[PDB]
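This report concerns only the one structure given below.
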Amino acid sequence: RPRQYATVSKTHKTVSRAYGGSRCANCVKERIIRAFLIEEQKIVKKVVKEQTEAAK
Amino acid sequence: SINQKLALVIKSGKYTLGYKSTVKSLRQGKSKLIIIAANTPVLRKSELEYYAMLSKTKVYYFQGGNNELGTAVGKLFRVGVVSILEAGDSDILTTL
Amino acid sequence: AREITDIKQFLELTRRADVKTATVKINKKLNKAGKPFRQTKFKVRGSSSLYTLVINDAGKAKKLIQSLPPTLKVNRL
Amino acid sequence: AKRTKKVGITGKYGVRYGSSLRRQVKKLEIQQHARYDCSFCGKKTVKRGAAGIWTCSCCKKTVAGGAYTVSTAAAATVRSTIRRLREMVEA
Amino acid sequence: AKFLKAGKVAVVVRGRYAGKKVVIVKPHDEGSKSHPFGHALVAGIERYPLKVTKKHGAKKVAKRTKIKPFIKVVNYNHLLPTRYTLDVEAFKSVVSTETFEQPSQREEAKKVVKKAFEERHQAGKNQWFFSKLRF
Amino acid sequence: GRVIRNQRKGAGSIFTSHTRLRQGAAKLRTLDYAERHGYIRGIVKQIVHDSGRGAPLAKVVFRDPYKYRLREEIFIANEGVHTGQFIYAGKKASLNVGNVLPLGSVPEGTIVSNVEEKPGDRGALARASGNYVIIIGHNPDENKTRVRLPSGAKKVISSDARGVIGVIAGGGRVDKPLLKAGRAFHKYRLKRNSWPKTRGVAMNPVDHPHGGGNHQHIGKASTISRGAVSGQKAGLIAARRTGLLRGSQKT
RNA sequence: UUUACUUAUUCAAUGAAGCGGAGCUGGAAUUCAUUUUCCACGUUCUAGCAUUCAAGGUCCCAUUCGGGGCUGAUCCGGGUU
RNA sequence: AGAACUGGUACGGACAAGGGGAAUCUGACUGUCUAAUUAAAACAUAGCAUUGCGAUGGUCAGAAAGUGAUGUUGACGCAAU
RNA sequence: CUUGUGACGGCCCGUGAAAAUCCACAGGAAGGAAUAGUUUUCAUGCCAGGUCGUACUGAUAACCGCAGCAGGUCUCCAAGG
RNA sequence: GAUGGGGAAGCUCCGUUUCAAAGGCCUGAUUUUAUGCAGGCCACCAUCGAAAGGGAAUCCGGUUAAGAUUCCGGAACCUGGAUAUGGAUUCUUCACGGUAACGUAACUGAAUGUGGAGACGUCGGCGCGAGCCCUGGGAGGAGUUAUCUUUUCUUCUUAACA
Ligand SMILES: [Zn+2]
Ligand SMILES: [Zn+2]
């Protein structure tokens with residue numbers, strides 16, 4: 001129960017990972033991949049936009 | 001057509017299905033081509049696009065579903081992805 | 001109300017300096033039919049918990065009481 | 001074996017409520033209890049939770065739709081004509 | 001074409017160092033004996049260096065450009081690669097399987113990469129790598 | 001005589017709608033800056049049954065551009081939306097399902113729902129299951145749009161008036177029977193105390209204007225003037241014709 | 001009888017946030033002389049993330065631990081719409 | 001489940017525990033009511049049909065009111081029959 | 001047998017309370033070392049924990065029915081054949 | 001159901017976040033001192049409302065003429081607040097091991113934001129557990145006994161908490 005969560009120490013409450021005791025580890029994986037992929041996509045989109053409109 | 005060439009590859013060439021074996025082959029560089037079903041996750045799709053960008057392998061997007069591609073290769077289950085390692089007989093690598 | 005096995009842990013416990021009381025229980029026991037042994041139980045009492053050093057050797061038991069302090073108020077039973 | 005000639009799922013309703021209403025209910029109960037295909041994963045794990053809540057257990061998704069079927073034909077027409085005019089407008 | 005080459009940048013997704021950016025230095029692509037699978041020795045960051053401005057005079061600057069790096073054996077399936085690259089001369093010698101199973105060797109490897117990372121970051125280089133992956 | 005049922009339903013002690021199991025109102029986000037200068041993205045996070053309604057709702061999430069928070073909204077789901085979906089809403093948005101383009105922007109022949117009546121009422125028209133509004137034509141000079149409403153009604157409303165694209169979900173609902181006073185019980189007990197309906201002609205004349213008589217008969221004709229009063233307006237009110245209609249709505 | 005003005009009255013929102021005008025910066029406009037006016041005037045494969053008067057640039061200070069102003073974010077009118 | 005043997009043919013041994021059939025009238029059903037003379041063929045019911053209403057509104061309320069119920073609603077809906 | 005729970009399954013035009021409280025996570029403000037500090041989510045040790053109720057019946061005699069009225073009045077436990 | 005506000009001859013009515021200037025924090029600066037004061041944050045918008053909903057924390061034994069989870073003995077738990085020793089970390093300043101799932105005695109973390117528990121139907125059968133019931137042997141006690149009954153009955157228990 002919640003007050004018992006307040007009794008116990010950290011080891012019993014979360015995990016040593018980023019997003020320890022909030023999100024599933026597989027979801028952590030998924031969203032990390034999503035971040036990296038779409039920011040790379042953003043970058044290539046930005047540069048193709050810049051160069052085509054620089055030609056134009 | 002494309003399903004006919006893919007059956008030819010099933011008979012002559014060789015391949016591996018599914019994300020895990022596919023990306024393993026792609027890490028090893030042993031693959032040449034991928035066909036990817038439209039229905040499968042855009043994340044998985046984009047990740048494979050990145051992997052194949054690194055490997056310089058070729059990619060093709062299948063006008064169908066995991067079911068359709070499975071029927072094409074001649075198997076009876078879901079296939080979101082297939083990796084062609086070599087065809088031998090087919091014009092797959094040449095066309096598209 | 002915690003088991004204890006480490007004897008030097010029990011000794012520094014006796015000198016934890018909140019400890020004031022101690023007890024030694026004897027128990028008639030059975031390992032086997034023909035050697036019903038004598039279990040010794042050193043139950044030491046301080047503030048927040050009682051620590052029970054368990055023993056099944058009378059030689060070690062005697063040695064322990066020889067090692068203990070005299071001022072720690074004991075109860076033999 | 002073969003249980004029922006023509007009442008099917010409407011034999012739990014027994015001898016009540018009139019044959020015609022039992023027919024209509026039969027049709028729609030079949031539609032609403034049936035399993036459908038999640039477009040995303042092609043699998044047959046789609047079911048109604050509630051009226052116009054059609055969720056897929058395998059791919060953990062939910063789509064809004066008809067109370068008894070998952071894609072109503074009106075909305076199909078709407079999808080098609082939307083794609084039509086949208087293609088035209090971007091064109 | 002394989003690309004798990006020993007100068008690479010990759011993105012650790014699974015484990016205590018997840019969501020991190022490591023550099024790949026020693027790929028055992030064709031398996032091993034103790035970690036028998038497609039695996040590597042890599043190294044990266046455990047605590048990124050913070051953003052820095054003009055406002056900081058030297059003390060916050062040093063404190064913020066500190067690094068806590070790490071080394072790790074990992075499965076390629078538990079890695080994500082990139083296209084980016086990095087220079088690997090300063091530690092490709094000291095790093096090895098024998099650098100592991102000896103925490104004295106570990107700490108020494110951590111000491112030099114810190115120096116090897118701090119200067120390449122103190123130089124305005126590899127900004128994408130020394131940055132953070134937010135998510 | 002005596003006060004009668006509608007004449008008590010006004011006061012509304014036991015006739016108030018029931019609210020315990022509703023997620024609050026379903027409404028369109030405020031026409032603040034972006035939806036009238038551009039667009040904004042939101043994520044359909046989940047879809048949920050609302051009790052007493054017949055349609056489902058969409059728990060959608062936007063981001064307040066002025067403050068670091070996530071502002072949540074409850075929309076009505078059209079057929080074709082789903083979870084984890086990107087809903088773009090505003091003026092410079094795209095003509096797909098879920099989006100909230102203005103009626104000034106959409107073309108003729110278009111389908112919309114949850115349509116506003118004046119910009120900043122945040123969802124009035126065609127909010128129920130399977131009900132859609134069709135566009136007819138514009139008068140952009142003096143910006144107005146003609147729309148056909150499920151009653152067949154050709155209304156004229158402004159152009160900045162937003163409206164969601166698609167057909168409202170949960171259609172076909174009344175195609176099914178109920179078969180059971182219990183099914184109807186459950187329906188109306190989550191909506192409001194509105195059932196069973198008992199007949200005035202079976203009541204006593206104190207209790208209704210039909211009640212009484214040795215035979216259950218109305219006696220005096222049930223077509224009631226609109227300019228009648230509170231106590232007389234039992235029956236068919238302001239009616240133009242009665243009986244079985246054979247032919248066409250003729251509009 | 002028709003319509004015009006907003007301020008009176010009335011309606012509705014809103015934590016009263018991006019009103020209006022003019023203007024850059026581009027596209028079209030035919031400019032018949034210089035612009036005549038019109039469009040935009042940072043976002044759409046993906047269930048990520050976006051916060052610390054913003055980083056930068058720039059001018060000062062009392063350099064020191066750091067502190068402050070302009071821009072970054074056009075200007076005017078203070079009619080919330 | 002079955003077979004021998006047995007009994008003053010008794011044996012679901014007490015307790016417990018459906019009377020049925022052929023037809024009519026009537027209401028479809030389950031359900032609810034006249035507490036303390038009427039439980040019914042009455043009410044309800046699902047289903048059928050009609051009527052009003054596009055929110056500056058319909059129905060209803062309130063001494064009024066910057067008041068209110070339907071309405072955390074919007075014609076597959078609310079209201080009245 | 002009574003019960004408690006776990007995963008499953010069926011039903012719904014019905015999908016079956018809220019708030020307090022607590023915890024983690026993201027974030028990286030602030031501060032921290034070498035003879036030092038750092039942390040009081042590790043162990044151990046110290047003090048204090050107020051207010052009001054608290055007996056009994058709970059019914060063919062403790063309640064309401066003018067009463068020591070064959071009435072009525074919410075619930076838990078529930079052996080053997 | 002107050003206040004603000006509006007109604008009402010008026011007793012009072014509406015309405016409960018609304019057309020309101022509806023406030024109270026963290027930080028340091030004053031270490032003449034107040035809390036003025038440098039700073040920035042935020043934005044309930046009263047309150048009342050369940051001895052069956054939610055809820056921080058206790059159990060056994062014994063005890064009285066009449067009390068008991070309340071008393072006595074023993075063993076525990078939480079909350080709040082001071083708090084010191086030990087331990088861990090660190091000269092690479094804010095731990096390490098594990099491929100991973102994750103593990104440990106601990107092992108910085110403000111503003112703000114995100115998520116979760118609280119927090120949840122009903123019925124079916126299935127499994128699992130608790131207590132009970134049935135029961136075997138053995139150790140004690142009691143009963144029956146013209147006859148027969150290695151017999152019928154009975155005690156053989158172990159709480160919170162760690
Ligand atoms: Zn998860
Ligand atoms: Zn699916």
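Ordered as shown in the structure tokens, chains take letters A, B, and onward, while each chain numbers its residues from 1 and ligands are numbered from 1 in the order shown.
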
Quiz item: So which residues are near ligand 1, meaning at most 10 Å away with only C-alpha atoms (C1' of nucleotides) and all ligand atoms counted, given back as a PyMOL selection string?
Solution: chain A and resi 22-30

Could you turn the residues from that selection into a file that holds N, CA, C and O atoms, as an mmCIF file, in the first residue's frame?
```
data_model
loop_
_atom_site.group_PDB
_atom_site.id
_atom_site.type_symbol
_atom_site.label_atom_id
_atom_site.label_comp_id
_atom_site.auth_asym_id
_atom_site.auth_seq_id
_atom_site.Cartn_x
_atom_site.Cartn_y
_atom_site.Cartn_z
ATOM 1 N N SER A 22 8.271 3.343 -13.564
ATOM 2 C CA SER A 22 7.179 4.053 -14.210
ATOM 3 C C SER A 22 6.699 3.361 -15.470
ATOM 4 O O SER A 22 5.492 3.162 -15.634
ATOM 5 N N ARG A 23 7.610 2.984 -16.355
ATOM 6 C CA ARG A 23 7.267 2.457 -17.662
ATOM 7 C C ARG A 23 7.935 1.111 -17.889
ATOM 8 O O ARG A 23 9.032 0.847 -17.394
ATOM 9 N N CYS A 24 7.230 0.260 -18.624
ATOM 10 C CA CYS A 24 7.766 -1.020 -19.045
ATOM 11 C C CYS A 24 9.078 -0.831 -19.787
ATOM 12 O O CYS A 24 9.257 0.128 -20.542
ATOM 13 N N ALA A 25 9.996 -1.765 -19.573
ATOM 14 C CA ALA A 25 11.302 -1.679 -20.207
ATOM 15 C C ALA A 25 11.198 -1.785 -21.722
ATOM 16 O O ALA A 25 11.940 -1.125 -22.456
ATOM 17 N N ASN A 26 10.296 -2.627 -22.209
ATOM 18 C CA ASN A 26 10.098 -2.701 -23.644
ATOM 19 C C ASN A 26 9.553 -1.394 -24.192
ATOM 20 O O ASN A 26 9.913 -0.978 -25.297
ATOM 21 N N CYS A 27 8.719 -0.705 -23.425
ATOM 22 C CA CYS A 27 8.252 0.598 -23.864
ATOM 23 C C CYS A 27 9.377 1.615 -23.862
ATOM 24 O O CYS A 27 9.419 2.499 -24.728
ATOM 25 N N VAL A 28 10.292 1.505 -22.900
ATOM 26 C CA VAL A 28 11.491 2.339 -22.896
ATOM 27 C C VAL A 28 12.258 2.152 -24.193
ATOM 28 O O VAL A 28 12.644 3.121 -24.857
ATOM 29 N N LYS A 29 12.517 0.890 -24.542
ATOM 30 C CA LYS A 29 13.150 0.550 -25.813
ATOM 31 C C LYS A 29 12.451 1.231 -26.975
ATOM 32 O O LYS A 29 13.083 1.912 -27.797
ATOM 33 N N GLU A 30 11.138 1.049 -27.044
ATOM 34 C CA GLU A 30 10.365 1.526 -28.174
ATOM 35 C C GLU A 30 10.494 3.026 -28.319
ATOM 36 O O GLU A 30 10.748 3.541 -29.413
#
```

Who sits within 10 Å of residue E:120, only C-alpha atoms (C1' of nucleotides), same chain under 5 positions skipped, as a PDB file with C-alpha atoms, in the first residue's frame:
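Okay, selection.pdb is ready:
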```
ATOM      1  CA  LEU E  86      34.450   8.501 -33.735  1.00  0.00           C
ATOM      2  CA  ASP E  87      38.205   8.336 -33.331  1.00  0.00           C
ATOM      3  CA  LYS E 114      37.361  10.203 -19.417  1.00  0.00           C
ATOM      4  CA  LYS E 115      40.502  12.018 -20.491  1.00  0.00           C
ATOM      5  CA  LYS E 125      33.418  18.187 -31.756  1.00  0.00           C
ATOM      6  CA  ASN E 126      31.016  15.241 -31.799  1.00  0.00           C
ATOM      7  CA  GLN E 127      28.292  17.446 -30.360  1.00  0.00           C
ATOM      8  CA  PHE E 130      28.255  14.285 -26.210  1.00  0.00           C
TER       9      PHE E 130
END
```

Exercise. Tell me, as a list in words, which residues lie within 12 Å of residue F:196, counting only C-alpha atoms (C1' of nucleotides); anything in the same chain fewer than 6 positions away does not count.
Key: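 Listing them by chain and then by number gives residues 181, 182, 184, 185, 186, 187, 188 and 189 of chain F; 32, 43, 44, 45 and 46 of chain H.
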
Quiz prompt | Near-residue F:2 list (7 Å; only C-alpha atoms (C1' of nucleotides); drop same-chain fewer than 2 positions) as a PyMOL selection string | solution = chain F and resi 4+206-207

With N, CA and C atoms retained, could you export that selection as a short mmCIF file (atom, residue, chain, number, x, y, z; two decimals), in the first residue's frame?
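The resulting file, again_0.cif, is shown below:
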```cif
data_model
loop_
_atom_site.label_atom_id
_atom_site.label_comp_id
_atom_site.auth_asym_id
_atom_site.auth_seq_id
_atom_site.Cartn_x
_atom_site.Cartn_y
_atom_site.Cartn_z
N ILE F 4 -49.00 17.99 -12.98
CA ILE F 4 -48.84 16.85 -13.87
C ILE F 4 -47.36 16.68 -14.17
N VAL F 206 -58.08 14.29 -12.64
CA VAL F 206 -57.29 15.18 -11.83
C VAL F 206 -55.83 15.12 -12.24
N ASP F 207 -55.37 13.94 -12.61
CA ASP F 207 -53.97 13.69 -12.85
C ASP F 207 -53.55 13.97 -14.28
#
```

Quiz prompt | Given 9 Å and only C-alpha atoms (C1' of nucleotides) and all ligand atoms, residues near ligand 2 as JSON, numbers by chain | solution = {"D": [37, 38, 39, 40, 41, 42, 43, 44, 45, 46, 55, 56, 57, 58, 59, 60, 61, 62]}

Quiz item: DSSP says strand (DSSP E or B) for which residues of stretch 1-75 of chain D? Put them as JSON, numbers by chain?
Solution: {"D": [36, 46, 47, 48, 49, 50, 53, 54, 55, 56, 61, 62, 63, 64]}

Taking only C-alpha atoms into account, produce a table as a Markdown table in which each residue of stretch 154-238 of chain F with an atom at most 10 Å from an atom of stretch 79-91 of chain D appears once, together with its shortest atom pair and the distance in Å to one decimal, ordered by chain and rising number.
```
| residue | atom | partner | partner_atom | distance |
| --- | --- | --- | --- | --- |
| F:165 | CA | D:82 | CA | 9.2 |
| F:166 | CA | D:79 | CA | 8.0 |
| F:167 | CA | D:79 | CA | 9.4 |
```

Practice problem: Please give the complete set of residues from chain B that DSSP, run on the backbone, assigns to alpha helix (DSSP H), formatted as an MDAnalysis selection string. | Solution: chainID B and resid 2:11 19:28 42:55 66:73

Output N, CA and C atoms for every residue in the selection just made, as a tab-separated table (two decimals), in the first residue's frame.
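The result, stored in again.tsv:
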```tsv
chain	number	residue	atom	x	y	z
B	2	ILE	N	5.55	-10.30	-59.42
B	2	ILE	CA	6.42	-10.25	-58.26
B	2	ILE	C	6.29	-11.51	-57.42
B	3	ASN	N	5.06	-11.97	-57.21
B	3	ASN	CA	4.89	-13.19	-56.42
B	3	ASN	C	5.49	-14.39	-57.14
B	4	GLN	N	5.48	-14.37	-58.47
B	4	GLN	CA	6.07	-15.47	-59.22
B	4	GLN	C	7.58	-15.47	-59.07
B	5	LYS	N	8.19	-14.29	-59.14
B	5	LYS	CA	9.62	-14.18	-58.94
B	5	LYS	C	10.00	-14.57	-57.52
B	6	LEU	N	9.16	-14.21	-56.55
B	6	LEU	CA	9.46	-14.56	-55.17
B	6	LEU	C	9.36	-16.06	-54.94
B	7	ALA	N	8.40	-16.71	-55.59
B	7	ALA	CA	8.35	-18.17	-55.50
B	7	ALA	C	9.57	-18.79	-56.15
B	8	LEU	N	10.01	-18.22	-57.27
B	8	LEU	CA	11.25	-18.68	-57.89
B	8	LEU	C	12.41	-18.57	-56.92
B	9	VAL	N	12.46	-17.48	-56.16
B	9	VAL	CA	13.54	-17.31	-55.20
B	9	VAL	C	13.41	-18.31	-54.06
B	10	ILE	N	12.17	-18.58	-53.64
B	10	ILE	CA	11.94	-19.59	-52.61
B	10	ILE	C	12.49	-20.93	-53.07
B	11	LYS	N	12.40	-21.19	-54.37
B	11	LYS	CA	12.86	-22.47	-54.89
B	11	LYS	C	14.37	-22.50	-55.09
B	19	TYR	N	11.70	-10.16	-38.43
B	19	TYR	CA	12.54	-9.03	-38.06
B	19	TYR	C	13.88	-9.47	-37.50
B	20	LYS	N	13.88	-10.46	-36.62
B	20	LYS	CA	15.08	-10.79	-35.88
B	20	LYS	C	16.14	-11.39	-36.78
B	21	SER	N	15.78	-12.44	-37.51
B	21	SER	CA	16.73	-13.06	-38.42
B	21	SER	C	17.11	-12.11	-39.53
B	22	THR	N	16.15	-11.30	-39.97
B	22	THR	CA	16.41	-10.32	-41.02
B	22	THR	C	17.48	-9.33	-40.60
B	23	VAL	N	17.30	-8.70	-39.45
B	23	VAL	CA	18.24	-7.68	-39.02
B	23	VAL	C	19.56	-8.31	-38.62
B	24	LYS	N	19.55	-9.57	-38.18
B	24	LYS	CA	20.81	-10.26	-37.95
B	24	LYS	C	21.59	-10.38	-39.25
B	25	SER	N	20.93	-10.84	-40.31
B	25	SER	CA	21.56	-10.92	-41.61
B	25	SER	C	22.04	-9.55	-42.07
B	26	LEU	N	21.25	-8.52	-41.81
B	26	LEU	CA	21.60	-7.18	-42.25
B	26	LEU	C	22.80	-6.65	-41.48
B	27	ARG	N	22.90	-6.99	-40.20
B	27	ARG	CA	24.09	-6.65	-39.43
B	27	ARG	C	25.30	-7.34	-40.01
B	28	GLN	N	25.14	-8.60	-40.41
B	28	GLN	CA	26.24	-9.34	-41.01
B	28	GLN	C	26.53	-8.89	-42.43
B	42	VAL	N	5.30	1.41	-38.23
B	42	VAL	CA	6.10	2.42	-38.89
B	42	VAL	C	7.45	2.54	-38.21
B	43	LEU	N	7.51	2.26	-36.92
B	43	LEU	CA	8.79	2.26	-36.22
B	43	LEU	C	9.71	1.18	-36.76
B	44	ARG	N	9.23	-0.06	-36.78
B	44	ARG	CA	9.99	-1.16	-37.35
B	44	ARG	C	10.40	-0.85	-38.78
B	45	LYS	N	9.46	-0.32	-39.55
B	45	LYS	CA	9.71	0.08	-40.93
B	45	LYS	C	10.87	1.05	-41.03
B	46	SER	N	10.84	2.12	-40.23
B	46	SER	CA	11.87	3.14	-40.31
B	46	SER	C	13.19	2.63	-39.78
B	47	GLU	N	13.15	1.74	-38.80
B	47	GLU	CA	14.38	1.17	-38.27
B	47	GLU	C	15.06	0.32	-39.32
B	48	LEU	N	14.28	-0.51	-40.02
B	48	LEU	CA	14.83	-1.27	-41.13
B	48	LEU	C	15.36	-0.36	-42.22
B	49	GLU	N	14.66	0.75	-42.47
B	49	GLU	CA	15.14	1.69	-43.47
B	49	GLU	C	16.51	2.22	-43.08
B	50	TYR	N	16.70	2.52	-41.80
B	50	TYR	CA	18.00	2.99	-41.32
B	50	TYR	C	19.06	1.91	-41.46
B	51	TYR	N	18.73	0.69	-41.03
B	51	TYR	CA	19.68	-0.41	-41.10
B	51	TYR	C	20.12	-0.66	-42.53
B	52	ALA	N	19.17	-0.64	-43.46
B	52	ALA	CA	19.49	-0.86	-44.86
B	52	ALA	C	20.21	0.32	-45.46
B	53	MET	N	19.97	1.52	-44.94
B	53	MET	CA	20.77	2.68	-45.33
B	53	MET	C	22.23	2.45	-45.00
B	54	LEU	N	22.49	1.98	-43.78
B	54	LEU	CA	23.86	1.68	-43.38
B	54	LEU	C	24.46	0.57	-44.24
B	55	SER	N	23.70	-0.50	-44.45
B	55	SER	CA	24.21	-1.65	-45.18
B	55	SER	C	24.29	-1.43	-46.68
B	66	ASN	N	0.87	-8.81	-44.20
B	66	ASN	CA	1.61	-9.97	-43.69
B	66	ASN	C	1.05	-11.30	-44.19
B	67	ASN	N	-0.26	-11.32	-44.44
B	67	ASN	CA	-0.92	-12.49	-45.00
B	67	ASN	C	-0.57	-12.64	-46.46
B	68	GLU	N	-0.62	-11.54	-47.21
B	68	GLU	CA	-0.39	-11.59	-48.64
B	68	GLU	C	1.03	-12.02	-48.94
B	69	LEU	N	1.99	-11.41	-48.25
B	69	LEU	CA	3.38	-11.78	-48.43
B	69	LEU	C	3.62	-13.23	-48.06
B	70	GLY	N	2.93	-13.72	-47.03
B	70	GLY	CA	3.10	-15.10	-46.65
B	70	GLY	C	2.61	-16.04	-47.72
B	71	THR	N	1.45	-15.72	-48.29
B	71	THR	CA	0.95	-16.50	-49.40
B	71	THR	C	1.91	-16.43	-50.58
B	72	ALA	N	2.57	-15.30	-50.74
B	72	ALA	CA	3.50	-15.14	-51.86
B	72	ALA	C	4.69	-16.06	-51.70
B	73	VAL	N	5.34	-16.02	-50.54
B	73	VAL	CA	6.48	-16.90	-50.30
B	73	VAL	C	6.08	-18.36	-50.19
```

Practice problem: Would you mind reading off the distance between atom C1' of residue J:98 and atom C1' of residue G:48, one decimal, in Å? | Solution: 27.4 Å

Up to 10 Å from chain C, what residues of chain J turn up? Count only C-alpha atoms (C1' of nucleotides) and give them as a PDB file with N, CA and C atoms (P, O5', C5', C4', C3', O3' and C1' of nucleotides), in the first residue's frame.
```pdb
ATOM      1  P     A J  75      10.423  -8.699  25.779  1.00  0.00           P
ATOM      2  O5'   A J  75       9.838  -8.858  24.315  1.00  0.00           O
ATOM      3  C5'   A J  75       9.972 -10.095  23.653  1.00  0.00           C
ATOM      4  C4'   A J  75       9.151 -10.166  22.397  1.00  0.00           C
ATOM      5  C3'   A J  75       9.369  -9.051  21.395  1.00  0.00           C
ATOM      6  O3'   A J  75      10.516  -9.233  20.597  1.00  0.00           O
ATOM      7  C1'   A J  75       7.069  -9.360  21.714  1.00  0.00           C
ATOM      8  P     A J  76      11.078  -8.003  19.745  1.00  0.00           P
ATOM      9  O5'   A J  76       9.922  -7.717  18.698  1.00  0.00           O
ATOM     10  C5'   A J  76       9.474  -6.396  18.483  1.00  0.00           C
ATOM     11  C4'   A J  76       8.265  -6.352  17.593  1.00  0.00           C
ATOM     12  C3'   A J  76       8.125  -5.128  16.711  1.00  0.00           C
ATOM     13  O3'   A J  76       8.922  -5.171  15.542  1.00  0.00           O
ATOM     14  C1'   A J  76       6.076  -5.559  17.766  1.00  0.00           C
ATOM     15  P     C J 161       1.627  -9.309  10.455  1.00  0.00           P
ATOM     16  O5'   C J 161       3.098  -8.954  10.934  1.00  0.00           O
ATOM     17  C5'   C J 161       3.348  -7.709  11.557  1.00  0.00           C
ATOM     18  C4'   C J 161       4.656  -7.692  12.304  1.00  0.00           C
ATOM     19  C3'   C J 161       5.883  -8.069  11.501  1.00  0.00           C
ATOM     20  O3'   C J 161       6.386  -6.998  10.734  1.00  0.00           O
ATOM     21  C1'   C J 161       5.880  -9.267  13.518  1.00  0.00           C
ATOM     22  P     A J 162       7.088  -7.291   9.326  1.00  0.00           P
ATOM     23  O5'   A J 162       8.432  -8.026   9.730  1.00  0.00           O
ATOM     24  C5'   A J 162       9.392  -7.337  10.499  1.00  0.00           C
ATOM     25  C4'   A J 162      10.603  -8.175  10.786  1.00  0.00           C
ATOM     26  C3'   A J 162      11.175  -8.958   9.626  1.00  0.00           C
ATOM     27  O3'   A J 162      11.932  -8.171   8.731  1.00  0.00           O
ATOM     28  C1'   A J 162      11.067 -10.341  11.515  1.00  0.00           C
TER      29        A J 162
END
```

Quiz item: Can you list, as a list in words, every protein, DNA or RNA residue that comes within 9 Å of stretch 27-32 of chain D when you count only C-alpha atoms (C1' of nucleotides), leaving out same-chain residues fewer than 2 positions away?
Solution: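 That gives residues 9, 10, 22, 23, 24, 25, 34, 35, 47, 48, 51, 67, 68, 69 and 70 of chain D; 175 and 176 of chain F.
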
Produce a file of the selected residues containing N, CA and C atoms, as a compact mmCIF listing (two decimals), in the first residue's frame.
```txt
# COMPACT_ATOMS: atom_id res chain seq x y z
N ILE D 9 -28.17 -18.19 -31.77
CA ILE D 9 -27.89 -17.52 -30.51
C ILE D 9 -29.17 -17.02 -29.85
N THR D 10 -30.28 -16.98 -30.58
CA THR D 10 -31.56 -16.53 -30.05
C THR D 10 -32.42 -17.68 -29.57
N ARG D 22 -36.60 -11.65 -32.95
CA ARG D 22 -35.54 -12.61 -32.75
C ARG D 22 -34.65 -12.72 -33.98
N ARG D 23 -35.21 -12.58 -35.17
CA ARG D 23 -34.40 -12.61 -36.39
C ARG D 23 -33.44 -11.44 -36.43
N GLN D 24 -33.97 -10.24 -36.20
CA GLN D 24 -33.14 -9.04 -36.24
C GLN D 24 -32.03 -9.13 -35.22
N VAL D 25 -32.39 -9.52 -34.00
CA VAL D 25 -31.44 -9.66 -32.93
C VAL D 25 -30.40 -10.71 -33.27
N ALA D 34 -18.91 -11.43 -33.28
CA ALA D 34 -17.91 -12.01 -34.14
C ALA D 34 -16.54 -11.39 -33.91
N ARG D 35 -15.51 -12.14 -34.29
CA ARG D 35 -14.15 -11.64 -34.32
C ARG D 35 -13.86 -11.05 -35.68
N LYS D 47 -12.50 -7.44 -31.15
CA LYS D 47 -13.81 -7.68 -30.57
C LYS D 47 -14.37 -6.37 -30.06
N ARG D 48 -15.67 -6.38 -29.83
CA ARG D 48 -16.30 -5.25 -29.19
C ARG D 48 -16.06 -5.30 -27.70
N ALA D 51 -20.31 -0.40 -27.41
CA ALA D 51 -20.87 0.07 -28.67
C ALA D 51 -19.94 1.09 -29.32
N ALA D 67 -21.91 0.04 -33.46
CA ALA D 67 -22.20 -0.66 -32.22
C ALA D 67 -22.11 -2.16 -32.39
N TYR D 68 -22.41 -2.65 -33.58
CA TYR D 68 -22.56 -4.06 -33.85
C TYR D 68 -21.60 -4.57 -34.90
N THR D 69 -21.16 -3.72 -35.81
CA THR D 69 -20.02 -3.99 -36.67
C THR D 69 -18.96 -2.92 -36.49
N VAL D 70 -17.78 -3.26 -36.98
CA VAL D 70 -16.57 -2.51 -36.69
C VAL D 70 -16.31 -1.48 -37.77
N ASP F 175 -30.96 0.17 -34.72
CA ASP F 175 -31.37 -0.89 -35.62
C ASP F 175 -31.67 -2.16 -34.85
N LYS F 176 -31.05 -2.34 -33.72
CA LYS F 176 -31.32 -3.47 -32.86
C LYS F 176 -32.57 -3.21 -32.02
```

Self-check item: Contact residues around stretch 46-54 of chain A with only C-alpha atoms (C1' of nucleotides) at 12 Å, ignoring same-chain residues under 6 positions, as a ChimeraX atom specification
Solution: /A:38-40 /G:26,42-43
